[PDB]
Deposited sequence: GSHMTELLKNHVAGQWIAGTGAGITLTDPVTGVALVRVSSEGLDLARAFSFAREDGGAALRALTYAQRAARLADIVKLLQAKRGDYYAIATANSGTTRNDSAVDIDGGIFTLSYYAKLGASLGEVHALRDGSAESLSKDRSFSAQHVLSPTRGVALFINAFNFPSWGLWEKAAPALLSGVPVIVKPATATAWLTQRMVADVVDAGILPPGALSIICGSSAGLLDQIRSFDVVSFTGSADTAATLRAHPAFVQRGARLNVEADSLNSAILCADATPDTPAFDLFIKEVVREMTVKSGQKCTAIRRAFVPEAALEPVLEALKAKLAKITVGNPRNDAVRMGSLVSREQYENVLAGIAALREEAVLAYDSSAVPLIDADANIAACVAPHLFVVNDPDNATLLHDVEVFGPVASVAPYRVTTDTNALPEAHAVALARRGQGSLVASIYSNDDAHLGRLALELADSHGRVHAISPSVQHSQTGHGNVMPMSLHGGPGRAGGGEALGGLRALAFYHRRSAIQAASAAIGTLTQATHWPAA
């Protein structure tokens, strides 16, 4: 008959959507995999069962009891990784090492929060800061506290990280006692739904704590109320429709947005072709263009290098990109797989054609035949490297994101009265980004330059020879560090270790006699 129709888990029950559903397909082979549908679901019940039953059940447990359930989920996901790697190969067309960024990235992030959470103790509220006297005699004092929000957390997640986007958000939400409703992007929804089905089947979390809807998003935001939270990852276009909905404009629900981000990499003036730091730069650029076919939100899109260094840069990138083979990830000779879908492949080819009108194409290996795949079926795109000689006057470099294995290089004028001042200005023209990386032989220089980029980048990632062996990667998101960025990148904050708990809590100043603050404090932790 037809491929499997994945059920939704809502109000404590597995429920199928009506109709024919939307088919997910293998972006390499064109094979139909599974279908999704949310048609006819009772969204009022889905949200009320989560918010009431789900939230009460979670709030009755302490942080440490919730953290122990996260640890149990870690052991479950780890035991089923073989099933996960099989879905990733078919649904996303990624190499095994690239599938690991999503699978094992998600599982590592969940484990981090399970360990952090065990330290929060057997309490139901947390202390923010210490107590402060409000009187000369200290008879009357103030203590701030954090309490779980009496709402649900709705995650609208991007197609690139069906696993990591689930767990990076769900770990702090569930540790904070807040029930989760996840809505993965349709094209790659399968891994998200299987991971949720696995956890729900195991009965680790209370009923109502974890729900999933796949298919149309129609009607979800209409269920959002003032004590709920929403975390959206997607396009800047979509983000502006979302922001205008009454849930936020009239009802004031908290919202996090992650959106388009034209991340930068800056080769410092001292890192000339003869020094160790030059090759670190070449290597990282090619890495971020090619991991998942450049489908990380954090991937380098703009690379800025001294005028003098432009030729040697273009030559070194050409030579490294040449080693990147493209095709079917089932073949071990393949270095880089497909984009997530043929639809995205069209977006990316359109993006390349619009950039070509203002830039020169320095590298493009599109004529090379794919390994074990047909270019007229598969969503494979070859790396493309553009050159923009006049970035001050460029119309498209700083504005148009191409969500593929594509990047533009541009020279900057060395300031030799920071030497990297013009590069700092150019990175800013991206109007606000998740991350910038910076490359130098000089560790002390990196500190100064980093502060110059800090007010327009959520993370600044500095690479130099003393950390060639230890630096954690431009595009890789360590969960103990902030993830998000200002401006175009959306104005959002996630992760950052303990920092992530605040989005899910309500903060309150308690002002009382000192013995009352003492008793409050006995019921809390930090």
So which bits of the deposited sequence did not make it into the model? 1-2, 420-422, 532-534
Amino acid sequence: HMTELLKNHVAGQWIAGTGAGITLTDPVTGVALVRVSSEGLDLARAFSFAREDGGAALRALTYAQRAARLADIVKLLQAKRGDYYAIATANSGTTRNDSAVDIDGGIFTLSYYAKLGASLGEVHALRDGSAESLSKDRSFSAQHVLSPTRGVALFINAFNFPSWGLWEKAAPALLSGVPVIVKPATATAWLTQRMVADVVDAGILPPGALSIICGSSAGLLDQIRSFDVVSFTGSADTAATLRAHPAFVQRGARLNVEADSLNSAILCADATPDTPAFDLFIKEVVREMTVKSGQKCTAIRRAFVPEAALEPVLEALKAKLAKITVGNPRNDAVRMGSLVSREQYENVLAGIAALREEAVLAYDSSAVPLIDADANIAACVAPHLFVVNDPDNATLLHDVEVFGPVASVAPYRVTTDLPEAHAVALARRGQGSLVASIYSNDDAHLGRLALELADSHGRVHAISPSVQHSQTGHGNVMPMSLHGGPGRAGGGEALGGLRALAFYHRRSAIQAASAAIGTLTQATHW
From here on, numbers count along this sequence of modelled residues.
Of 205-213 vs 267-275, the stretch with the larger average CA B-factor in the entry is 267-275
Going by the B-factors listed in the PDB entry, is the mean over the C-alpha atoms higher for 119-127 or for 104-112? 119-127
In the PDB entry, which of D442, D83, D98, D228 has its C-alpha at the highest B-factor? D442
Which of these has the highest Cα B-factor in the record: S481, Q468, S37, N476? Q468
Thinking about Cα B factors across the chain, which third does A44 belong to? highest
Test of reading the entry: by CA B factor among the chain's modelled residues, which third contains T290? middle
If you rank every modelled residue in this chain by C-alpha B factor, which third holds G430: lowest, middle or highest? middle
Sort the modelled residues of this chain by their C-alpha B factor and say whether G487 lands in the lowest, middle or highest third. lowest
Check where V28 lands among this chain's C-alpha B-factors and tell me if it's the lowest, middle or highest third. lowest
